[PDB]
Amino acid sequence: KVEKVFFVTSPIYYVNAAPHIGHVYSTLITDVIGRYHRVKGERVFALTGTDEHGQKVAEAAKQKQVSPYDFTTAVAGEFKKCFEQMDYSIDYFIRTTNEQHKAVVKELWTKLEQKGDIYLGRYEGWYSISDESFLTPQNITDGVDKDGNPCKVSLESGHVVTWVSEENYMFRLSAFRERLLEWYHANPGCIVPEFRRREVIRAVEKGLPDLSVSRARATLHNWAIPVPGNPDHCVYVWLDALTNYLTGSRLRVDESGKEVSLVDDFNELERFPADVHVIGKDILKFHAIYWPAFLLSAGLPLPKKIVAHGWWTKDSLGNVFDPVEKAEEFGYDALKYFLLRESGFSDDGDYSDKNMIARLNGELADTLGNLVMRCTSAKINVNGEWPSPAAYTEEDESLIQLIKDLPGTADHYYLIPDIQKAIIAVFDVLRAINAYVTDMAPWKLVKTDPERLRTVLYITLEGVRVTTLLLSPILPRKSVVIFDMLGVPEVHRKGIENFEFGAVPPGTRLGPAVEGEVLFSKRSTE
């Protein structure tokens, strides 16, 4: 197609409470996608951040008896600390309190208004403050609040809903039904997974109401962006929030990660529109309906892909999963592996300690770690080098073919994107490499047929190198330890050139050994 910066985003999270696993998972997926495109040698801009305005946040700050400025700044700081500890490679962390962001929101608003797509009207209806979401009466039901009093709750989330009757600026969303439908039909990969795409089409097929994009300022505790030309109104937190993707695309960022300039025209930085928006299923409508509608109105290009995973962007009754405690217990790369291996586009995942140990011991230690140790062992690799292969048998070639096919396959999965499938494909090949090794018994060959061992060892090292390269966006620190052990030069650790079989030449020396070297140490079953 065209050469631009591959632009991948995560949602920006409400700062009403501390960061937790949902946020870490969403930002993980964004990080992995970005990392894979970097190892393909593409330019990448990965974006994450915090949603800091609105009633929900203001009221959370009121509950803690602190000013919104101090509260948002403190919780935003917790998010940054958390993501730093998680060892992501995110290019920029945006906050909607940022002054440049507010300028962008005002430019976008003025466009919608000049286009004729904003009018003064009224919203009279249900609203979820916890989700900052307007709801029809079909999407609420009966429940209770903390006081046990009967109340209405959202069908979507189970949060308490309230009736709102306000003069509001309205966006003409109803006018964009046909164009949104055209967009879904013409780009059948634009929403992932496919069943969520089908949900969006059905919802839009039914018809769209107009959307309130302002609120009376008192309702918001004056914690929002004023509407241009009307200081009695505040911009809807979601229109403000979605705009973070446009803002991010227009920020020049220095080496320490501070924003230093806002460009006038997004084309200047070549990021917009996003190639992938990573979201949780709870915020699908905002990204797949509202967002493209605003862009169509403003005449901005639309995103290429929205991927909605099965977790809730935001969710205690005596049940905890602390990301850092787990990572300090089992390792950071292992935890990341586990989260991405275990969960597809569903809540069907088993996140017990029992299952974590099984995958750690089974896949990372027994399948991958053991293979790395065998092909670098002094016992088997007596000369500590990549040997030069002799002639290949049919069995050799069957394995070589699997290895040559693997890049093209994982690449497709990464681009869906479906990271779980990309992992399963790589491990299928690791399993095949192990079976080959068992078959050939290279420990026996050292004594018996040194020439045969050359071939078997070479194919093993090259299968390990390639699988590891493809696993490196998922296991960034361990992929480095593995490449060091194999003695793979830095240049061969990225680029599509190095997807090819045979990229590291024979005679390459292995890295230095360490006594009792741990790649993935097993954990007892308790």
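Take the two forms, superpose them, and find the largest set of C-alpha atoms that agree within 1.5 Å; that set is the rigid core. In this text, residue numbers run from 1 along the sequence as written.
- Taken in 8 other deposited structures of this protein and fitted on the core, 85 to 93 and 306 to 314 differ in how far their Cα atoms move from the shown form, and the one that moves more is 306 to 314.
- The higher RMS C-alpha distance to the shown form in 8 other deposited structures of this protein, out of 114 to 122 and 346 to 354, belongs to 346 to 354, with every structure fitted on the core.
- According to the record, 4 to 9 deposited residues between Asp315 and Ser316 are left without atomic coordinates.
- Comparing the deposited coordinates for 56 to 64 and 471 to 479, the stretch with the larger average C-alpha B-factor is 56 to 64.
- Of the two segments examined, 155 to 163 and 426 to 434, it is 155 to 163 that shows the higher average Cα temperature factor in the deposited entry.
- Of the residues listed, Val456, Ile357, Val192, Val104, the entry assigns the biggest Cα temperature factor to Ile357.
- Of the candidates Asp91, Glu255, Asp275, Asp396, the one whose C-alpha carries the top B factor in the deposited record is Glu255.
- For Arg215, the recorded CA temperature factor ranks within the lowest third of the chain's modelled residues.
- The deposited CA B-factor of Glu42 belongs to the lowest third of values across its chain.
- Remark: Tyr332 belongs to the highest third of its chain, ranked by C-alpha B-factor as recorded.
- Looking at the C-alpha B-factors along this chain, the one for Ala391 belongs to the highest third.
- In the PDB entry, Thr508 places in the highest third of its chain by CA B-factor.
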